[PDB]
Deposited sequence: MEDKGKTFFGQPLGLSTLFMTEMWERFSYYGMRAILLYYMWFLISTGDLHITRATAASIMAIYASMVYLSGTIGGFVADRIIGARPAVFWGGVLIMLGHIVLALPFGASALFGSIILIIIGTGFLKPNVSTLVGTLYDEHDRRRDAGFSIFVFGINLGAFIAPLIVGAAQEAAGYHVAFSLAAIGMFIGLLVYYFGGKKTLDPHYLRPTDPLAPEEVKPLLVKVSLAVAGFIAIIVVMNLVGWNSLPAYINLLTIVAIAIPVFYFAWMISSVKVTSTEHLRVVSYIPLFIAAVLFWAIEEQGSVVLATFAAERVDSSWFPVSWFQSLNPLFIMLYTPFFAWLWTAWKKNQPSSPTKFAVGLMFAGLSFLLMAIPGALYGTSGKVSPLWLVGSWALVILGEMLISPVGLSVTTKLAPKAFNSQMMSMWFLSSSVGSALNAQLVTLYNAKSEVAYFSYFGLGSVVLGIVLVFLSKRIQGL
């Protein structure tokens, strides 16, 4: 019967809903760093380029950290379907803010809107995907992979369309197209959802019991009061610069897993098996750090060290989702072909880290051989994104912990990307790439012990 690639027809609605949100997100991130460079060059934004690179990282870290709670707010308060809609509305307004004839004053407002909007929409669209499949249904893994292709499809075409629009009609026009991209998703999601989506998800599936509202309000109130108390203390002692606030969000993002892990210990049944997660989680952190630097460090390398005089330099951001779109058909073949091998999930996380380390190690070669004073070939970045996406495919298959590793890895980037420049290029690439490889080699021994557990 009628399907969307063998799947329920509701997938096409959610497939396009997320493609257009990812089009709006990754089209914005493809030019946002260059937009901050431009505001710096005109004197409107009084920060260094190292700070702007750190802003891009802590931006992504907060976006994925905000996704760790959107599932809770939907499942318990507002509902999954209203969360996606109003989440996209906030995402749309965030891109409209950057389209207004403002400058650096509109950066923080746009960032807050997209952080909150993505937190509402991003996890709940995937939740609504699994609601098309009953728990017995076996097309789940096939349906989510189709869903991933739509994530990367919009992520691939966004820098091409938005980047070219920036170099032709300017930034404000380019950011408006990102808002239009989200608006297109809202139209298809609203009217398309009303036809094929279960109305049971217009409301929370686990609404708060009467006795649960007060302790939750206390819990939220104490967290906001403490976070505000820290900001007050910082301004009293003089720690009030923008890098100081970035350091605060970095500590907060990293303190969440280490506190959620330190007291997860207290039952020897899985007391050691809880520990087995740690090497897999920390490996996921360092990989997402390497992977998310493509929009920061590799975006900086493309703009300064590559002869890209015949196309917009923001198009290099399409290499990350392009290789995924190419690897997916091969990788679908691979996992069902080598059924007898069955690579253990721990072992995969090193190969993903080794590949990520290889991608940076490769990028240390052009500067060591030709120097950093000139321009190199664009195929260095093509070969670099070819290796890191290779590792992403291996690590590709609660999502909040998944959101958390990306947030911690991106929070780690908020500190490291400030070390990158033309004079530190070779050492930065070589040492962070070498250290990531040797930390993939230590996994072999640690995987064996996790295999035993």
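Residues 1-4, 271-274, 406-422 of the deposited sequence have no C-alpha coordinates in the structure.
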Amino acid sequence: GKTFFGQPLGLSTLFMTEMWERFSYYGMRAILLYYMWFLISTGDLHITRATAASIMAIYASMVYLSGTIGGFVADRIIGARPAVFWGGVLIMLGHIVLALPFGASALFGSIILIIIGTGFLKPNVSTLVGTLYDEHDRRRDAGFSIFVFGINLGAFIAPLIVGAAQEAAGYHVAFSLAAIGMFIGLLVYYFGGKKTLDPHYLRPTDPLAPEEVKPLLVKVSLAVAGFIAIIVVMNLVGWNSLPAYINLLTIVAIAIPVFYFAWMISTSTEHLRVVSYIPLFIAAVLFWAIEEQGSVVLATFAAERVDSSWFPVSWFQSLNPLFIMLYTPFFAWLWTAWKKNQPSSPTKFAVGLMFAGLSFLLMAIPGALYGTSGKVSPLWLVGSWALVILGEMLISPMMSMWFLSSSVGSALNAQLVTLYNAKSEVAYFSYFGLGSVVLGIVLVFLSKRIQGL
From here on, numbers count along this sequence of modelled residues.
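For clarity, a rigid core is taken as the largest C-alpha set superposing within 1.5 Å between two forms.
Between 348-356 and 293-301, the larger mean CA deviation from the shown form in 9 other deposited structures of this protein, after core superposition, belongs to 348-356. In 9 other deposited structures of this protein, superposed on the rigid core, the segment with the larger root-mean-square CA displacement between 173-181 and 137-145 is 137-145. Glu270, present in the displayed chain, goes without coordinates in a third or more of the other PDB entries compared that cover both sides of it. Residue-level annotation: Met398 lacks coordinates in a third or more of the other entries compared, counting only those that model residues on either side of it. When the two stretches 271-279 and 209-217 are set side by side, the higher mean Cα temperature factor goes to 271-279. The PDB entry records a higher mean C-alpha B factor for 398-406 than for its counterpart among 58-66 and 398-406. Highest CA B-factor among the listed residues (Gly192, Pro101, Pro343, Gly185): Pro343. The top Cα temperature factor in the record, among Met363, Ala284, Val382, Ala83, falls on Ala284.
Annotation for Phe355: CA B-factor lies in the highest third of the chain's modelled residues. Annotation for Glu291: C-alpha temperature factor in the lowest third relative to the rest of the modelled chain, per the entry. When all modelled residues of the chain are sorted by CA temperature factor, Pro123 is found within the lowest third. When all modelled residues of the chain are sorted by CA temperature factor, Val388 is found within the middle third. Among the modelled residues of its chain, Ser373 has a C-alpha B-factor that falls in the lowest third according to the deposited record.
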